[PDB]
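To keep things clear, I will list the structure first and then write my remarks on it.
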Amino acid sequence: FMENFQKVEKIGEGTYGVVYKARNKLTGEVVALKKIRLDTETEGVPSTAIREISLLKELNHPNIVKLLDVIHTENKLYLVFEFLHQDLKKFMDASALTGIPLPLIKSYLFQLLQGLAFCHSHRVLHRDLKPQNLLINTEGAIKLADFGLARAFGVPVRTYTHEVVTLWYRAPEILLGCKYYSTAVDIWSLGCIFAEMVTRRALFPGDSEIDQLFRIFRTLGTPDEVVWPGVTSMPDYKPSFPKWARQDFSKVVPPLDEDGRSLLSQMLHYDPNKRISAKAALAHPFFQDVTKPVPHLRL
Ligand SMILES: O=C(O)c1cc([N+](=O)[O-])ccc1NCCc1c[nH]c2ccccc12
């Protein structure tokens, strides 16, 4: 019975929903309740969208948030998830003056690659990975959450006429107007998050589509047909883009050893077709000495 649960506090704000911590007034059980408003007051959610969401209840992995229940009405979609206390953004901020320790960076990266390898094998993308979307617990786990699946599945989410989007983790093929996404978009985002854990600063904090593109280009070099065959045929490519030279990855994430820099370079490959897959990245030598430390969380 999903009304013995009462809202305790607002957890966060997604791109189309607000999330609450909800507590069972008799058992104490706590869940995360995501409420997504729709663009309609009467028409509800299409059955085909509910079909696709509901299948994810039975596709489970330790590094993906668990979807517990799907509830829909004439004007709202509610998704009930397992609750975790903290996220990677908050943990980064607490660790910012010192740095998340390397063994924990490596463990979190490995786990997130395991989660992506799973969803990608089931033909599901995340599409909007950001540190605030990665949930952590006292036991050393990290989990993919806040998947960007509402529009992909046809949920008629409310349109926000003045929406402010964070573009910092967006793959360059999206910014250049690619008509079809691939699983490689999530590897790019995760590479950006990897670099952010190491350097304690977002890698490409752009403030518009062109500023995001130009920040990538000023670091990795303006892409051309040599490094990204097909780039000049992307819908938003402009031959008039300024031509910046590529910076060495030794300058991009300096403290990182050559094993880590090599993996990062494969995660940030311009061509999505040659960007490393999550499954291949799990075999990279950077992970030879991976362990599972626990963070010190102050809850
Ligand atoms: O996280 C969200 O907010 C979210 C939003 C919508 N939506 O709005 O349509 C739909 C699904 C969502 N999460 C699914 C989490 C999930 C469980 N098992 C999986 C297996 C593979 C890939 C993903 C998952």
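Residue names in the structure tokens use chain letters A, B, ... in the order shown, residue numbers from 1 in each chain, and ligand numbers from 1 in the order shown.
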Filtered DSSP result for range 44-157 of chain A, state strand (DSSP E or B), as a PyMOL selection string: chain A and resi 64+67-72+76-82+86-87+134-136+142-144+157
Selection within 8 Å of ligand 1 by only C-alpha atoms and all ligand atoms, output as a VMD selection string: chain A and resid 14 16 34 36 49 to 50 53 56 to 61 64 to 67 77 79 118 to 120 122 124 to 126 144 to 155
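Going from CA of residue 31 in chain A over to CA of residue 190 in chain A, you cover 26.1 Å.
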List every residue of range 170-294 of chain A that DSSP, applied to the backbone of this structure, assigns to helix (DSSP H, G or I), and report them as number ranges by chain. A: 172-175, 184-199, 209-220, 231-233, 249-252, 258-267, 278-281, 285-287
Quick one: everything within 10 Å of residue 108 in chain A, counting only C-alpha atoms, minus sequence neighbours fewer than 5 positions away in the same chain. Send it as number ranges by chain. A: 63, 88, 102-103, 113-114, 134, 136, 140-143, 194, 197, 290-293
Store the residues of this selection in a file with C-alpha atoms, as a compact mmCIF listing (two decimals), in the first residue's frame.
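Writing done, so here's part.txt:
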# COMPACT_ATOMS: atom_id res chain seq x y z
CA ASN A 63 25.30 -0.60 -9.78
CA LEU A 88 28.85 11.67 -5.82
CA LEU A 102 42.70 7.08 -5.92
CA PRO A 103 41.57 3.57 -4.80
CA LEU A 113 31.41 0.73 -15.95
CA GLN A 114 29.81 -2.50 -14.69
CA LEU A 134 25.39 8.73 -8.94
CA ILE A 136 26.63 6.18 -2.91
CA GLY A 140 31.33 1.38 -0.92
CA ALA A 141 28.71 0.93 -3.64
CA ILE A 142 27.87 3.50 -6.28
CA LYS A 143 24.75 3.31 -8.44
CA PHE A 194 36.43 10.34 -14.00
CA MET A 197 37.14 13.07 -9.53
CA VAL A 290 41.11 -2.39 -8.19
CA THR A 291 39.67 -2.82 -4.68
CA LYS A 292 36.46 -1.82 -2.88
CA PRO A 293 37.26 0.80 -0.23
List the spatial neighbours of residue 199 in chain A as a PyMOL selection string - criterion: any atom at most 9 Å away, only C-alpha atoms, same-chain residues fewer than 5 positions off excluded. chain A and resi 99+194+252-256
Could you please take those selected residues and save N, CA, C and O atoms as a PDB file, in the first residue's frame?
ATOM      1  N   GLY A  99      40.766  15.694  -2.297  1.00  0.00           N
ATOM      2  CA  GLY A  99      40.648  14.706  -3.351  1.00  0.00           C
ATOM      3  C   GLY A  99      40.104  13.377  -2.860  1.00  0.00           C
ATOM      4  O   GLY A  99      40.556  12.861  -1.826  1.00  0.00           O
ATOM      5  N   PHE A 194      35.131  10.866 -14.414  1.00  0.00           N
ATOM      6  CA  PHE A 194      36.433  10.338 -13.999  1.00  0.00           C
ATOM      7  C   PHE A 194      37.448  11.468 -13.872  1.00  0.00           C
ATOM      8  O   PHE A 194      38.114  11.613 -12.841  1.00  0.00           O
ATOM      9  N   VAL A 252      45.780  17.383 -19.168  1.00  0.00           N
ATOM     10  CA  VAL A 252      44.344  17.438 -18.890  1.00  0.00           C
ATOM     11  C   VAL A 252      44.015  16.897 -17.499  1.00  0.00           C
ATOM     12  O   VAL A 252      43.173  17.459 -16.792  1.00  0.00           O
ATOM     13  N   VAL A 253      44.656  15.810 -17.080  1.00  0.00           N
ATOM     14  CA  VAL A 253      44.358  15.209 -15.777  1.00  0.00           C
ATOM     15  C   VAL A 253      45.636  14.933 -14.997  1.00  0.00           C
ATOM     16  O   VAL A 253      45.773  13.838 -14.435  1.00  0.00           O
ATOM     17  N   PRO A 254      46.512  15.922 -14.824  1.00  0.00           N
ATOM     18  CA  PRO A 254      47.960  15.656 -14.619  1.00  0.00           C
ATOM     19  C   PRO A 254      48.268  14.558 -13.617  1.00  0.00           C
ATOM     20  O   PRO A 254      48.993  13.610 -13.965  1.00  0.00           O
ATOM     21  N   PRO A 255      47.785  14.635 -12.366  1.00  0.00           N
ATOM     22  CA  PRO A 255      48.292  13.682 -11.364  1.00  0.00           C
ATOM     23  C   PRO A 255      48.068  12.233 -11.750  1.00  0.00           C
ATOM     24  O   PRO A 255      48.766  11.348 -11.241  1.00  0.00           O
ATOM     25  N   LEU A 256      47.158  11.975 -12.681  1.00  0.00           N
ATOM     26  CA  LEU A 256      46.795  10.617 -13.038  1.00  0.00           C
ATOM     27  C   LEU A 256      47.946   9.906 -13.737  1.00  0.00           C
ATOM     28  O   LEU A 256      48.590  10.461 -14.633  1.00  0.00           O
TER      29      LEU A 256
END
Write out as JSON lines the residues of range 117-190 of chain A that have any atom within 9 Å of an atom of range 203-225 of chain A, one row each with the nearest atom pair and its distance in Å to one decimal, counting only C-alpha atoms, sorted by chain and then rising number.
{"residue": "A:165", "atom": "CA", "partner": "A:208", "partner_atom": "CA", "distance": 8.8}
{"residue": "A:166", "atom": "CA", "partner": "A:207", "partner_atom": "CA", "distance": 7.8}
{"residue": "A:167", "atom": "CA", "partner": "A:206", "partner_atom": "CA", "distance": 6.5}
{"residue": "A:168", "atom": "CA", "partner": "A:205", "partner_atom": "CA", "distance": 4.9}
{"residue": "A:169", "atom": "CA", "partner": "A:204", "partner_atom": "CA", "distance": 7.4}
{"residue": "A:170", "atom": "CA", "partner": "A:212", "partner_atom": "CA", "distance": 8.4}
{"residue": "A:172", "atom": "CA", "partner": "A:213", "partner_atom": "CA", "distance": 6.9}
{"residue": "A:175", "atom": "CA", "partner": "A:209", "partner_atom": "CA", "distance": 6.5}
{"residue": "A:176", "atom": "CA", "partner": "A:213", "partner_atom": "CA", "distance": 8.3}
Just-selected residues, N, CA, C and O atoms written as a PDB file, in the first residue's frame:
ATOM      1  N   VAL A 165      19.751  23.805 -18.640  1.00  0.00           N
ATOM      2  CA  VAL A 165      20.309  22.460 -18.703  1.00  0.00           C
ATOM      3  C   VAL A 165      21.794  22.531 -18.383  1.00  0.00           C
ATOM      4  O   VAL A 165      22.473  23.501 -18.745  1.00  0.00           O
ATOM      5  N   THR A 166      22.298  21.523 -17.676  1.00  0.00           N
ATOM      6  CA  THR A 166      23.736  21.362 -17.506  1.00  0.00           C
ATOM      7  C   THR A 166      24.267  20.576 -18.697  1.00  0.00           C
ATOM      8  O   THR A 166      23.839  19.440 -18.939  1.00  0.00           O
ATOM      9  N   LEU A 167      25.188  21.179 -19.442  1.00  0.00           N
ATOM     10  CA  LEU A 167      25.726  20.576 -20.654  1.00  0.00           C
ATOM     11  C   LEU A 167      27.091  19.953 -20.440  1.00  0.00           C
ATOM     12  O   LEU A 167      27.643  19.381 -21.380  1.00  0.00           O
ATOM     13  N   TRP A 168      27.638  20.054 -19.225  1.00  0.00           N
ATOM     14  CA  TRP A 168      29.052  19.783 -18.992  1.00  0.00           C
ATOM     15  C   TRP A 168      29.459  18.356 -19.359  1.00  0.00           C
ATOM     16  O   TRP A 168      30.635  18.104 -19.627  1.00  0.00           O
ATOM     17  N   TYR A 169      28.533  17.410 -19.307  1.00  0.00           N
ATOM     18  CA  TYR A 169      28.851  16.004 -19.509  1.00  0.00           C
ATOM     19  C   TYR A 169      28.353  15.488 -20.854  1.00  0.00           C
ATOM     20  O   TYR A 169      28.447  14.280 -21.117  1.00  0.00           O
ATOM     21  N   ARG A 170      27.862  16.382 -21.724  1.00  0.00           N
ATOM     22  CA  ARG A 170      27.236  15.994 -22.987  1.00  0.00           C
ATOM     23  C   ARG A 170      28.298  15.572 -23.995  1.00  0.00           C
ATOM     24  O   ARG A 170      29.275  16.293 -24.216  1.00  0.00           O
ATOM     25  N   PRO A 172      30.140  15.020 -27.569  1.00  0.00           N
ATOM     26  CA  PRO A 172      30.212  15.985 -28.674  1.00  0.00           C
ATOM     27  C   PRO A 172      29.309  15.639 -29.839  1.00  0.00           C
ATOM     28  O   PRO A 172      28.844  16.558 -30.512  1.00  0.00           O
ATOM     29  N   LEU A 175      26.057  17.400 -29.134  1.00  0.00           N
ATOM     30  CA  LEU A 175      26.190  18.832 -29.359  1.00  0.00           C
ATOM     31  C   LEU A 175      26.287  19.171 -30.842  1.00  0.00           C
ATOM     32  O   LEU A 175      25.905  20.273 -31.244  1.00  0.00           O
ATOM     33  N   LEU A 176      26.810  18.263 -31.666  1.00  0.00           N
ATOM     34  CA  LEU A 176      26.894  18.496 -33.106  1.00  0.00           C
ATOM     35  C   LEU A 176      25.647  18.029 -33.857  1.00  0.00           C
ATOM     36  O   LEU A 176      25.648  18.017 -35.096  1.00  0.00           O
TER      37      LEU A 176
END
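A straight line drawn from CA of residue 137 in chain A to CA of residue 92 in chain A is 13.8 Å long.
Proximity of A:275, A:72, A:179, A:296 to residue 234 in chain A, computed with only C-alpha atoms, is greatest for A:179.
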Using only C-alpha atoms, which protein or nucleic acid residues come within 10 Å of residue 250 in chain A? Drop anything in the same chain fewer than 6 positions from it, and give the result as JSON, numbers by chain. {"A": [256, 257, 258, 261, 262]}
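Nearest to residue 20 in chain A of all the residues A:294, A:276, A:71, A:84 is A:84, counting only C-alpha atoms.
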CA of residue 232 in chain A to CA of residue 245 in chain A: how many Å, to one decimal? 17.3 Å
I'd like the contact shell of residue 96 in chain A - 12 Å cut-off, only C-alpha atoms, skipping same-chain residues fewer than 2 positions apart - returned as number ranges by chain. A: 88-94, 98-101, 196-202
Excluding residue 75 in chain A and its own-chain neighbours fewer than 4 positions away, which residues fall within 12 Å of it when counting only C-alpha atoms? Please give them as a PyMOL selection string. chain A and resi 35-46+71+155-158
